[PDB]
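Here the structure is laid out as structure tokens; the discussion comes afterwards.
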Amino acid sequence: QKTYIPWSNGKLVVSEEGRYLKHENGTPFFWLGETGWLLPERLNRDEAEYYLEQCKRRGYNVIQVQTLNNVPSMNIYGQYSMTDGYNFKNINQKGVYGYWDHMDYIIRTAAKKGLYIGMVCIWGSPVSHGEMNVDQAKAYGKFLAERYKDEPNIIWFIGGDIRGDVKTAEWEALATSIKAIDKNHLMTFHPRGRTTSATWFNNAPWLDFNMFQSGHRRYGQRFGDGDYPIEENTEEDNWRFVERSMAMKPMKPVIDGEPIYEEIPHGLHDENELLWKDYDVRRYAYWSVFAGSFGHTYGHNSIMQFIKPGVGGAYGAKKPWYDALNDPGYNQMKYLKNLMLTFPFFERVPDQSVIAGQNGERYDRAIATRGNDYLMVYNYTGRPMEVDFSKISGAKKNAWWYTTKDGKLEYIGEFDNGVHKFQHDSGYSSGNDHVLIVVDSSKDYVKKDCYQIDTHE
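According to my numbering, the stretch in the sequence shown is residues 173 to 629, in order.
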């Protein structure tokens, strides 16, 4: 069967309401990102093709990569990303398969699979360490733009785990240089941990949507008493980055571009700390999206650095990337994509008023989002909750349970516009998170006899 190609619907555009991404033809684009930071540096042609195919089979449609991780960067073939500093005039050499020829291959192979490559032009580290000044940034942006403006499947990522107030002039030079030549792709900024791009670039004309990094500390995890970009004991409340970002006007879409990674240690520093699990990965995903994010990016400790036997990972990673493809979290993100694409997409808004009574704290905090004729409440712990059906249209409502770890759907019954109490038949606080789906009885986005939400290309 033919592979689904998102851009056959046209290029990506920020939707009119300023919350979501769409294709030119109005088709929704639910961003489901995978984190392949070291794809260009560590995988060969065969490995890259396999990685990309495997992500495709699991619903991912954006692959985030570090175009460059150093200056210069090296790939698996032993090729340099720069052979004459920031002079790219002679970067291409006849009869030589260079660093950028391999990048081209990665991008074109992704294209055949209907995948966008999220290009972090240059990771923050080398930049904060002075390896890219304002002139070098212009030279590099022009090179990237001229080379890739006509490739369909690109989304530009300025920054890379770095504050927007660090080497700002250099980042602005890069972003503007690319946008001056490339009018065909969207652009964002990947910020430092516990920060959002919105803080520095919400009104930047080159920034189409905002991005934050909620990974990878647990509640109350500090390694010092210095300045801290967030409030104490709110590390895992990634929905907070979403509110604060979208509160800055004019409003632009926002997404968690780097939540906690599956199997990565709480806080990164201690290889022997608890590891984030599939239930944690799902919580961050649904909390961000139900808070108002237009999609979500997932990450895995072993995959993002493409761990291989003979190369131990940072942060305690030992499992090879190709074995990590079988881990639960990585294989559950598709149920999120399938769910959001089952309902009216663009009129969706976050709305905690859908939750009546006293809502829980921390993991017990139910989170709600709704359209005009449907609503959803994500409950991570299973703590009983009261839901106000009058918040959406319809004299009668149909309700279902949706279990996020398997995408299964269970019909509950019909109700009136009162406030109703619900409690899922599962272990309390057991990582059996669920979504209460409530739909206007006149609409049929989900069937009563439907036992699972199917795959949505």
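Virtual Cβ for every residue (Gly too), placed ideally from N, Cα, C.
State the DSSP-derived secondary structure class of residue i, mapped to helix, strand or coil.
i	result
residue 222	helix
residue 574	strand
residue 448	coil
residue 563	helix
residue 321	coil
residue 203	strand
residue 477	coil
residue 462	helix
residue 557	strand
residue 586	strand
residue 392	coil
residue 197	coil
residue 497	coil
residue 675	Any property of residue 675 remains undetermined from this structure, which presents the chain solely from 173 to 629.
Spatial neighbours of residue i within its chain, please: CB distance less than 7 angstroms, with the 5 preceding and 5 following residues excluded, ordered by chain position.
i	result
residue 201	178, 184, 193, 194 and 195
residue 316	293 and 350
residue 182	195, 196 and 197
residue 513	200, 202 and 628
residue 189	518
residue 318	353
residue 447	435, 436 and 437
residue 584	571, 572 and 573
In chain order, what residues of the same chain have a beta carbon less than 6 angstroms from the beta carbon of residue i, not counting five sequence neighbours either side?
i	result
residue 609	548, 572 and 574
residue 283	325
residue 595	556
residue 463	411, 414 and 522
residue 208	235 and 237
Would you kindly report the start and end of the unbroken alpha helix (DSSP H) that includes residue i?
i	result
residue 507	505 to 512
residue 214	211 to 214
Determine the direct distance from the alpha carbon of residue j to that of residue i, and round the result to whole angstroms.
i	j	result
residue 410	residue 483	32 angstroms
residue 472	residue 389	15 angstroms
residue 497	residue 291	22 angstroms
residue 241	residue 295	5 angstroms
residue 432	residue 621	36 angstroms
residue 210	residue 176	26 angstroms
residue 382	residue 458	18 angstroms
residue 419	residue 367	15 angstroms
residue 346	residue 288	20 angstroms
residue 452	residue 439	14 angstroms
residue 401	residue 441	19 angstroms
residue 214	residue 248	5 angstroms
residue 355	residue 568	47 angstroms
residue 205	residue 399	31 angstroms
residue 560	residue 592	7 angstroms
residue 489	residue 365	20 angstroms
residue 342	residue 300	10 angstroms
residue 360	residue 174	31 angstroms
residue 460	residue 540	11 angstroms
residue 259	residue 311	7 angstroms
residue 216	residue 495	17 angstroms
residue 263	residue 255	7 angstroms
residue 224	residue 531	41 angstroms
residue 378	residue 590	46 angstroms
residue 545	residue 520	10 angstroms
residue 380	residue 329	11 angstroms
residue 314	residue 491	38 angstroms
Taking 8 angstroms as the cut-off, is the C-beta of residue i nearer than that to any heavy atom in the ligand NAD?
i	result
residue 608	Questions concerning the ligand NAD fall outside what the structure shown contains, since it holds no ligand whatsoever.
Which residues in the same chain as residue i place their Cβ atom closer than 8 angstroms to its Cβ, once the five residues preceding and following it in sequence are excluded?
i	result
residue 450	434, 499, 500, 501, 504, 577 and 603
residue 600	553, 554 and 555
residue 563	523, 525, 526, 542 and 547
residue 275	212 and 239
residue 510	231, 579, 625, 626, 627 and 628
residue 405	391 and 392
residue 298	240, 241, 242, 243 and 304
residue 613	566, 567, 568, 569, 570 and 586
residue 423	190 and 191
residue 588	561, 567, 568 and 569
Identify the continuous beta strand (DSSP E) that holds residue i and give its terminal residues.
i	result
residue 608	606 to 612
residue 184	184 to 186
residue 593	591 to 594
residue 470	467 to 470
Quiz item: Considering only residues of the region 221 to 302, which uninterrupted alpha helix (DSSP H) runs meet the minimum length of 4 residues and lie entirely inside it, listed in chain order?
Solution: 271 to 284 and 296 to 300
Self-check item: Length at least 3, wholly inside the region 306 to 355: the beta strand (DSSP E) runs in chain order
Solution: 326 to 331
Self-check item: Continuous beta strand (DSSP E) assignments of at least 3 residues falling wholly in the region 360 to 444
Solution: 382 to 385 and 426 to 428
Quiz item: Which runs of the beta strand (DSSP E) spanning at least 3 residues fall entirely within the region 520 to 553, listed in chain order?
Solution: 539 to 542 and 546 to 551
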